[PDB]
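Notes follow the structure.
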Amino acid sequence: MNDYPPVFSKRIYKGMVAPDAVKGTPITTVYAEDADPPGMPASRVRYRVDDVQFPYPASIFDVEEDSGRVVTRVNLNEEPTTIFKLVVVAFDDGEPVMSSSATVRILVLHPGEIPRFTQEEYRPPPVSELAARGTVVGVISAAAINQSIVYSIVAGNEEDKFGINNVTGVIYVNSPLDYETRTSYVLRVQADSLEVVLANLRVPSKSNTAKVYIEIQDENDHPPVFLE
Ligand SMILES: [Ca+2]
Ligand SMILES: [Ca+2]
Ligand SMILES: [Ca+2]
């Protein structure tokens with residue numbers, strides 16, 4: 001019998017593509033498996049696009065039948081920041097032939113317009129534990145072609161001990177620091193292009209994320225002695 005359909009690994013895939021991408025530019029691979037006995041038609045999954053609800057994405061993208069790679073059907077000329085919903089259907093060679101669908105949300109964006117930091121690690125001089133709010137700690141720097149850069153701290157600042165000026169990329173002291181509580185931090189930072197920020201999006205990659213090693217400088221204050 002053939003009584004199990006293909007089941008996509010994910011319900012919604014993501015993927016990027018340049019706005020001027022040539023024909024057959026690879027975007028992403030989708031994937032689905034079939035629970036019927038292996039080696040047979042019933043569990044032999046082919047991939048196809050669909051144009052019921054989203055015919056235009058289907059007009060410019062296509063999925064390969066056997067590999068599952070999503071690619072450009074045409075040399076494209078679409079506008080940046082756009083998001084398309086391409087609908088992919090995986091179907092078996094069974095009897096009766098079963099299937100299931102899934103969505104590939106594709107982002108139209110240039111790779112070269114994603115920012116690049118000046119360093120992957122920033123090691124600024126050690127900040128006094130008694131430093132006041134607003135005391136500058138260090139500064140981070142990132143370029144991108146035809147792009148102004150918004151900076152953000154994305155991880156490692158769980159204590160809200162730091163803030164960053166989201167435009168100058170200047171990291172500063174937000175809460176008061178205690179050396180005895182914690183002697184060092186490592187922030188994950190992220191430069192995103194302004195055009196991207198405006199479309200309510202973030203696009204991380206190796207070159208638009210960097211680390212900041214902050215070192216706390218001990219002064220004579222009241223040491224915490226015991227806790228609980
Ligand atoms: Ca099947
Ligand atoms: Ca202290
Ligand atoms: Ca101290």
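By order of appearance in the structure tokens: chains A, B, ..., then residues from 1 within every chain, and ligands from 1 in the order shown.
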**OP:** Based on DSSP run over this structure's backbone, return all residues of region 43-184 of chain A in alpha helix (DSSP H), as a list in words.
**Re:** residues 55, 56, 57, 58, 59 and 60 of chain A
Based on the selection just made, write N, CA and C atoms of those residues as a PDB file, in the first residue's frame.
```pdb
ATOM      1  N   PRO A  55       1.180  32.876  -7.372  1.00  0.00           N
ATOM      2  CA  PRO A  55       1.630  32.546  -8.720  1.00  0.00           C
ATOM      3  C   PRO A  55       2.858  33.341  -9.169  1.00  0.00           C
ATOM      4  N   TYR A  56       3.056  34.546  -8.633  1.00  0.00           N
ATOM      5  CA  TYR A  56       4.192  35.355  -9.067  1.00  0.00           C
ATOM      6  C   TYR A  56       5.528  34.789  -8.552  1.00  0.00           C
ATOM      7  N   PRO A  57       5.612  34.456  -7.248  1.00  0.00           N
ATOM      8  CA  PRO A  57       6.843  33.790  -6.810  1.00  0.00           C
ATOM      9  C   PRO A  57       7.160  32.572  -7.681  1.00  0.00           C
ATOM     10  N   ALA A  58       6.115  31.814  -8.032  1.00  0.00           N
ATOM     11  CA  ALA A  58       6.251  30.649  -8.907  1.00  0.00           C
ATOM     12  C   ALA A  58       6.751  31.034 -10.301  1.00  0.00           C
ATOM     13  N   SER A  59       6.395  32.234 -10.762  1.00  0.00           N
ATOM     14  CA  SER A  59       6.853  32.710 -12.070  1.00  0.00           C
ATOM     15  C   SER A  59       8.375  32.997 -12.111  1.00  0.00           C
ATOM     16  N   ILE A  60       8.975  33.286 -10.955  1.00  0.00           N
ATOM     17  CA  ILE A  60      10.408  33.671 -10.896  1.00  0.00           C
ATOM     18  C   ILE A  60      11.302  32.685 -10.143  1.00  0.00           C
TER      19      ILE A  60
END
```
**OP:** Please provide as an MDAnalysis selection string all residues within 12 Å of residue 126 (chain A), with the sequence filter that same-chain residues fewer than 4 positions apart are discarded (counting only C-alpha atoms).
**Re:** chainID A and resid 122 130:131 135:138 177 179 183:185 212:219
Original post:
So how far away is CA of residue 172 (chain A) from CA of residue 133 (chain A), in Å?
Top reply: 7.7 Å
**OP:** Could you report the residues within 7 Å of ligand 1, using only C-alpha atoms and all ligand atoms, as a ChimeraX atom specification?
**Re:** /A:2-6,34-36,42-43,92,94,97-98
What lies within 8 Å of residue 75 (chain A) using only C-alpha atoms, ignoring chain neighbours under 5 positions off, as a JSON list (two decimals) with N, CA and C atoms, in the first residue's frame?
```
[["chain", "number", "residue", "atom", "x", "y", "z"],
["A", 20, "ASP", "N", 19.15, 41.28, -8.39],
["A", 20, "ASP", "CA", 19.46, 41.20, -9.82],
["A", 20, "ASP", "C", 19.99, 39.80, -10.22],
["A", 21, "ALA", "N", 19.74, 38.81, -9.36],
["A", 21, "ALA", "CA", 20.28, 37.47, -9.51],
["A", 21, "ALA", "C", 20.03, 36.86, -10.88],
["A", 22, "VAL", "N", 21.08, 36.22, -11.41],
["A", 22, "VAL", "CA", 21.01, 35.52, -12.69],
["A", 22, "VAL", "C", 20.07, 34.31, -12.60],
["A", 23, "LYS", "N", 19.80, 33.69, -13.74],
["A", 23, "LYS", "CA", 18.96, 32.50, -13.78],
["A", 23, "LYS", "C", 19.72, 31.32, -13.20],
["A", 24, "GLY", "N", 19.03, 30.56, -12.35],
["A", 24, "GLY", "CA", 19.62, 29.39, -11.73],
["A", 24, "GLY", "C", 20.56, 29.72, -10.59]]
```
Original post:
ligand 3: which residues are within 8 Å, counting only C-alpha atoms and all ligand atoms, as a ChimeraX atom specification?
Top reply: /A:129,178-180,218-223
Original post:
Quick one: residues within 8 Å of region 118-121 of chain A, only C-alpha atoms counted, chain neighbours fewer than 3 positions away excluded, as an NGL selection string?
Top reply: :A and (140-143 or 207 or 209-213)
What lies within 9 Å of region 99-115 of chain A using only C-alpha atoms, ignoring chain neighbours under 5 positions off, as a PDB file with N, CA and C atoms, in the first residue's frame?
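The new file around_17.pdb reads:
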```pdb
ATOM      1  N   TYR A   4       1.312   6.827   3.394  1.00  0.00           N
ATOM      2  CA  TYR A   4       1.996   7.946   4.091  1.00  0.00           C
ATOM      3  C   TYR A   4       2.465   8.992   3.076  1.00  0.00           C
ATOM      4  N   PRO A   5       2.172  10.286   3.319  1.00  0.00           N
ATOM      5  CA  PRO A   5       2.652  11.307   2.389  1.00  0.00           C
ATOM      6  C   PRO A   5       4.081  11.741   2.724  1.00  0.00           C
ATOM      7  N   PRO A   6       4.725  12.512   1.824  1.00  0.00           N
ATOM      8  CA  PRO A   6       5.975  13.178   2.184  1.00  0.00           C
ATOM      9  C   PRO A   6       5.737  14.197   3.300  1.00  0.00           C
ATOM     10  N   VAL A   7       6.698  14.318   4.214  1.00  0.00           N
ATOM     11  CA  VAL A   7       6.575  15.222   5.362  1.00  0.00           C
ATOM     12  C   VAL A   7       7.809  16.118   5.414  1.00  0.00           C
ATOM     13  N   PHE A   8       7.628  17.402   5.084  1.00  0.00           N
ATOM     14  CA  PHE A   8       8.752  18.356   5.035  1.00  0.00           C
ATOM     15  C   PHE A   8       9.456  18.456   6.379  1.00  0.00           C
ATOM     16  N   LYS A  10      10.807  21.086   7.544  1.00  0.00           N
ATOM     17  CA  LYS A  10      10.313  22.338   8.136  1.00  0.00           C
ATOM     18  C   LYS A  10       8.971  22.766   7.514  1.00  0.00           C
ATOM     19  N   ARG A  11       8.159  23.466   8.302  1.00  0.00           N
ATOM     20  CA  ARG A  11       6.871  23.986   7.827  1.00  0.00           C
ATOM     21  C   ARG A  11       7.107  25.269   7.021  1.00  0.00           C
ATOM     22  N   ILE A  12       8.074  26.079   7.469  1.00  0.00           N
ATOM     23  CA  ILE A  12       8.480  27.307   6.764  1.00  0.00           C
ATOM     24  C   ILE A  12      10.016  27.441   6.668  1.00  0.00           C
ATOM     25  N   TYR A  13      10.533  27.459   5.440  1.00  0.00           N
ATOM     26  CA  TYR A  13      11.963  27.660   5.187  1.00  0.00           C
ATOM     27  C   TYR A  13      12.226  29.130   4.936  1.00  0.00           C
ATOM     28  N   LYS A  14      13.449  29.583   5.232  1.00  0.00           N
ATOM     29  CA  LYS A  14      13.909  30.923   4.844  1.00  0.00           C
ATOM     30  C   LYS A  14      15.004  30.807   3.772  1.00  0.00           C
ATOM     31  N   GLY A  15      15.332  31.925   3.135  1.00  0.00           N
ATOM     32  CA  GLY A  15      16.351  31.945   2.077  1.00  0.00           C
ATOM     33  C   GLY A  15      16.545  33.343   1.523  1.00  0.00           C
ATOM     34  N   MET A  16      17.751  33.630   1.032  1.00  0.00           N
ATOM     35  CA  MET A  16      18.072  34.951   0.474  1.00  0.00           C
ATOM     36  C   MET A  16      18.400  34.877  -1.009  1.00  0.00           C
ATOM     37  N   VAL A  17      18.225  35.998  -1.701  1.00  0.00           N
ATOM     38  CA  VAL A  17      18.561  36.087  -3.119  1.00  0.00           C
ATOM     39  C   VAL A  17      18.861  37.536  -3.490  1.00  0.00           C
ATOM     40  N   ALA A  18      19.908  37.756  -4.284  1.00  0.00           N
ATOM     41  CA  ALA A  18      20.219  39.101  -4.786  1.00  0.00           C
ATOM     42  C   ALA A  18      19.046  39.616  -5.627  1.00  0.00           C
ATOM     43  N   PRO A  19      18.810  40.937  -5.623  1.00  0.00           N
ATOM     44  CA  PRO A  19      17.700  41.505  -6.398  1.00  0.00           C
ATOM     45  C   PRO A  19      17.907  41.490  -7.935  1.00  0.00           C
ATOM     46  N   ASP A  20      19.148  41.281  -8.391  1.00  0.00           N
ATOM     47  CA  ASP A  20      19.460  41.197  -9.825  1.00  0.00           C
ATOM     48  C   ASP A  20      19.986  39.797 -10.220  1.00  0.00           C
ATOM     49  N   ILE A  27      19.185  29.376  -3.943  1.00  0.00           N
ATOM     50  CA  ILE A  27      18.638  30.144  -2.832  1.00  0.00           C
ATOM     51  C   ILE A  27      18.670  29.323  -1.550  1.00  0.00           C
ATOM     52  N   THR A  28      18.041  28.152  -1.585  1.00  0.00           N
ATOM     53  CA  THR A  28      18.056  27.218  -0.458  1.00  0.00           C
ATOM     54  C   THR A  28      17.618  25.809  -0.885  1.00  0.00           C
ATOM     55  N   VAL A  30      15.203  22.614   0.211  1.00  0.00           N
ATOM     56  CA  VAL A  30      14.138  22.102   1.079  1.00  0.00           C
ATOM     57  C   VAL A  30      14.311  20.599   1.188  1.00  0.00           C
ATOM     58  N   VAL A  45      10.274  10.571  -3.161  1.00  0.00           N
ATOM     59  CA  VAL A  45       9.752  11.944  -3.113  1.00  0.00           C
ATOM     60  C   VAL A  45      10.377  12.904  -4.146  1.00  0.00           C
ATOM     61  N   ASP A  50       4.266  25.584  -6.692  1.00  0.00           N
ATOM     62  CA  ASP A  50       2.819  25.729  -6.842  1.00  0.00           C
ATOM     63  C   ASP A  50       2.399  27.188  -6.973  1.00  0.00           C
ATOM     64  N   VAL A  70      16.059  25.217  -4.250  1.00  0.00           N
ATOM     65  CA  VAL A  70      15.248  26.300  -4.777  1.00  0.00           C
ATOM     66  C   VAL A  70      16.166  27.284  -5.480  1.00  0.00           C
ATOM     67  N   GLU A  78      14.020  42.326  -9.097  1.00  0.00           N
ATOM     68  CA  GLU A  78      13.058  42.650  -8.040  1.00  0.00           C
ATOM     69  C   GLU A  78      13.702  43.640  -7.096  1.00  0.00           C
ATOM     70  N   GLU A  79      12.897  44.266  -6.237  1.00  0.00           N
ATOM     71  CA  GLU A  79      13.384  45.334  -5.335  1.00  0.00           C
ATOM     72  C   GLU A  79      13.839  44.757  -3.981  1.00  0.00           C
ATOM     73  N   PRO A  80      14.940  45.306  -3.402  1.00  0.00           N
ATOM     74  CA  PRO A  80      15.411  44.892  -2.075  1.00  0.00           C
ATOM     75  C   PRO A  80      14.356  44.949  -0.952  1.00  0.00           C
ATOM     76  N   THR A  81      14.631  44.225   0.131  1.00  0.00           N
ATOM     77  CA  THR A  81      13.753  44.112   1.326  1.00  0.00           C
ATOM     78  C   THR A  81      12.414  43.358   1.092  1.00  0.00           C
ATOM     79  N   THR A  82      12.112  42.986  -0.154  1.00  0.00           N
ATOM     80  CA  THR A  82      10.861  42.282  -0.471  1.00  0.00           C
ATOM     81  C   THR A  82      10.918  40.852   0.048  1.00  0.00           C
ATOM     82  N   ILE A  83       9.765  40.323   0.451  1.00  0.00           N
ATOM     83  CA  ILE A  83       9.679  38.930   0.883  1.00  0.00           C
ATOM     84  C   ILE A  83       8.609  38.205   0.078  1.00  0.00           C
ATOM     85  N   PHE A  84       9.009  37.131  -0.599  1.00  0.00           N
ATOM     86  CA  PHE A  84       8.074  36.316  -1.372  1.00  0.00           C
ATOM     87  C   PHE A  84       7.722  35.023  -0.633  1.00  0.00           C
ATOM     88  N   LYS A  85       6.489  34.565  -0.822  1.00  0.00           N
ATOM     89  CA  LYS A  85       6.063  33.272  -0.300  1.00  0.00           C
ATOM     90  C   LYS A  85       5.973  32.267  -1.453  1.00  0.00           C
ATOM     91  N   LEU A  86       7.047  31.501  -1.650  1.00  0.00           N
ATOM     92  CA  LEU A  86       7.055  30.433  -2.645  1.00  0.00           C
ATOM     93  C   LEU A  86       6.513  29.168  -2.011  1.00  0.00           C
ATOM     94  N   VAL A  87       5.607  28.494  -2.727  1.00  0.00           N
ATOM     95  CA  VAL A  87       4.926  27.295  -2.217  1.00  0.00           C
ATOM     96  C   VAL A  87       5.459  26.034  -2.889  1.00  0.00           C
ATOM     97  N   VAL A  88       6.097  25.169  -2.106  1.00  0.00           N
ATOM     98  CA  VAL A  88       6.679  23.931  -2.640  1.00  0.00           C
ATOM     99  C   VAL A  88       5.881  22.700  -2.217  1.00  0.00           C
ATOM    100  N   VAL A  89       5.641  21.809  -3.180  1.00  0.00           N
ATOM    101  CA  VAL A  89       4.928  20.568  -2.939  1.00  0.00           C
ATOM    102  C   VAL A  89       5.869  19.405  -3.224  1.00  0.00           C
ATOM    103  N   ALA A  90       6.019  18.532  -2.225  1.00  0.00           N
ATOM    104  CA  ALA A  90       6.759  17.289  -2.361  1.00  0.00           C
ATOM    105  C   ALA A  90       5.746  16.161  -2.517  1.00  0.00           C
ATOM    106  N   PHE A  91       5.924  15.337  -3.553  1.00  0.00           N
ATOM    107  CA  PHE A  91       4.987  14.243  -3.849  1.00  0.00           C
ATOM    108  C   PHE A  91       5.735  12.938  -4.154  1.00  0.00           C
ATOM    109  N   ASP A  92       5.131  11.806  -3.781  1.00  0.00           N
ATOM    110  CA  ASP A  92       5.751  10.480  -3.995  1.00  0.00           C
ATOM    111  C   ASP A  92       5.383   9.889  -5.371  1.00  0.00           C
ATOM    112  N   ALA A 142      31.584  49.810  11.445  1.00  0.00           N
ATOM    113  CA  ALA A 142      31.175  48.932  10.352  1.00  0.00           C
ATOM    114  C   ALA A 142      30.665  49.704   9.125  1.00  0.00           C
ATOM    115  N   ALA A 143      31.189  49.334   7.949  1.00  0.00           N
ATOM    116  CA  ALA A 143      30.807  49.927   6.669  1.00  0.00           C
ATOM    117  C   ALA A 143      29.905  48.998   5.841  1.00  0.00           C
ATOM    118  N   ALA A 144      29.256  49.589   4.845  1.00  0.00           N
ATOM    119  CA  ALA A 144      28.382  48.878   3.911  1.00  0.00           C
ATOM    120  C   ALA A 144      28.041  49.823   2.760  1.00  0.00           C
ATOM    121  N   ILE A 145      28.049  49.290   1.543  1.00  0.00           N
ATOM    122  CA  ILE A 145      27.966  50.124   0.344  1.00  0.00           C
ATOM    123  C   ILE A 145      26.557  50.753   0.217  1.00  0.00           C
ATOM    124  N   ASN A 146      26.523  52.049  -0.142  1.00  0.00           N
ATOM    125  CA  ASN A 146      25.291  52.888  -0.115  1.00  0.00           C
ATOM    126  C   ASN A 146      24.415  52.646   1.143  1.00  0.00           C
ATOM    127  N   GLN A 147      25.050  52.519   2.306  1.00  0.00           N
ATOM    128  CA  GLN A 147      24.306  52.159   3.522  1.00  0.00           C
ATOM    129  C   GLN A 147      24.832  52.814   4.797  1.00  0.00           C
ATOM    130  N   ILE A 149      24.612  52.668   8.932  1.00  0.00           N
ATOM    131  CA  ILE A 149      24.608  51.484   9.759  1.00  0.00           C
ATOM    132  C   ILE A 149      23.978  51.730  11.110  1.00  0.00           C
ATOM    133  N   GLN A 190      25.952  43.627  16.586  1.00  0.00           N
ATOM    134  CA  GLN A 190      25.429  43.436  15.264  1.00  0.00           C
ATOM    135  C   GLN A 190      25.180  44.769  14.577  1.00  0.00           C
ATOM    136  N   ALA A 191      25.802  44.915  13.409  1.00  0.00           N
ATOM    137  CA  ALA A 191      25.533  46.011  12.507  1.00  0.00           C
ATOM    138  C   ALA A 191      24.541  45.535  11.458  1.00  0.00           C
ATOM    139  N   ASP A 192      23.427  46.248  11.337  1.00  0.00           N
ATOM    140  CA  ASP A 192      22.472  46.019  10.264  1.00  0.00           C
ATOM    141  C   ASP A 192      22.343  47.300   9.468  1.00  0.00           C
ATOM    142  N   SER A 193      22.105  47.178   8.169  1.00  0.00           N
ATOM    143  CA  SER A 193      21.905  48.360   7.338  1.00  0.00           C
ATOM    144  C   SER A 193      20.593  49.005   7.698  1.00  0.00           C
ATOM    145  N   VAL A 196      17.543  47.867   5.902  1.00  0.00           N
ATOM    146  CA  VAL A 196      17.064  46.615   6.502  1.00  0.00           C
ATOM    147  C   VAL A 196      16.278  46.864   7.792  1.00  0.00           C
ATOM    148  N   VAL A 203      19.491  40.650   9.601  1.00  0.00           N
ATOM    149  CA  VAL A 203      20.108  39.623   8.770  1.00  0.00           C
ATOM    150  C   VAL A 203      21.528  39.352   9.245  1.00  0.00           C
ATOM    151  N   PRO A 204      21.687  38.407  10.185  1.00  0.00           N
ATOM    152  CA  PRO A 204      23.014  38.095  10.682  1.00  0.00           C
ATOM    153  C   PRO A 204      23.838  37.261   9.689  1.00  0.00           C
ATOM    154  N   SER A 205      25.156  37.448   9.732  1.00  0.00           N
ATOM    155  CA  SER A 205      26.115  36.680   8.944  1.00  0.00           C
ATOM    156  C   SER A 205      27.460  36.819   9.639  1.00  0.00           C
ATOM    157  N   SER A 207      30.216  38.374   8.936  1.00  0.00           N
ATOM    158  CA  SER A 207      30.918  39.637   8.845  1.00  0.00           C
ATOM    159  C   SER A 207      30.182  40.804   9.509  1.00  0.00           C
ATOM    160  N   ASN A 208      28.894  40.648   9.825  1.00  0.00           N
ATOM    161  CA  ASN A 208      28.162  41.737  10.497  1.00  0.00           C
ATOM    162  C   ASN A 208      27.844  41.389  11.937  1.00  0.00           C
ATOM    163  N   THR A 209      28.704  40.572  12.538  1.00  0.00           N
ATOM    164  CA  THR A 209      28.642  40.269  13.962  1.00  0.00           C
ATOM    165  C   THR A 209      30.054  40.187  14.491  1.00  0.00           C
TER     166      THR A 209
END
```
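Considering only C-alpha atoms and all ligand atoms, the residue among A:157, A:148, A:9, A:128 positioned nearest to ligand 2 is A:128.
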Run DSSP on the backbone and grab whatever in region 114-193 of chain A lands in strand (DSSP E); send it over as a short mmCIF file (atom, residue, chain, number, x, y, z; two decimals) with C-alpha atoms, in the first residue's frame.
```cif
data_model
loop_
_atom_site.label_atom_id
_atom_site.label_comp_id
_atom_site.auth_asym_id
_atom_site.auth_seq_id
_atom_site.Cartn_x
_atom_site.Cartn_y
_atom_site.Cartn_z
CA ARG A 116 31.18 44.30 7.76
CA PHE A 117 32.86 45.21 11.06
CA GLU A 121 37.05 41.17 18.48
CA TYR A 122 37.12 44.61 20.12
CA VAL A 127 36.42 50.08 32.78
CA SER A 128 36.47 51.03 36.53
CA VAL A 136 32.22 55.54 27.37
CA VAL A 137 33.55 51.97 27.32
CA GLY A 138 34.57 51.47 23.71
CA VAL A 139 33.34 51.96 20.15
CA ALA A 142 31.18 48.93 10.35
CA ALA A 143 30.81 49.93 6.67
CA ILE A 149 24.61 51.48 9.76
CA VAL A 150 22.46 50.78 12.79
CA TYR A 151 24.33 49.04 15.62
CA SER A 152 22.84 46.76 18.31
CA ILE A 153 23.97 44.58 21.23
CA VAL A 154 22.32 41.19 20.64
CA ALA A 155 23.76 38.98 23.41
CA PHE A 162 25.75 48.26 29.08
CA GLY A 163 24.06 50.16 26.32
CA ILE A 164 25.08 51.22 22.87
CA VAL A 170 29.56 53.80 20.99
CA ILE A 171 29.18 51.31 23.81
CA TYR A 172 28.54 52.88 27.22
CA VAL A 173 27.88 52.02 30.88
CA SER A 184 34.33 40.66 32.59
CA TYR A 185 31.75 40.47 29.86
CA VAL A 186 31.60 39.51 26.20
CA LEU A 187 29.04 41.26 24.10
CA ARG A 188 27.68 40.06 20.83
CA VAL A 189 27.11 43.01 18.58
CA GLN A 190 25.43 43.44 15.26
CA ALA A 191 25.53 46.01 12.51
CA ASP A 192 22.47 46.02 10.26
CA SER A 193 21.90 48.36 7.34
#
```
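The closest residue to ligand 2, picked from A:123, A:69, A:161, A:182 and counting only C-alpha atoms and all ligand atoms, is A:182.
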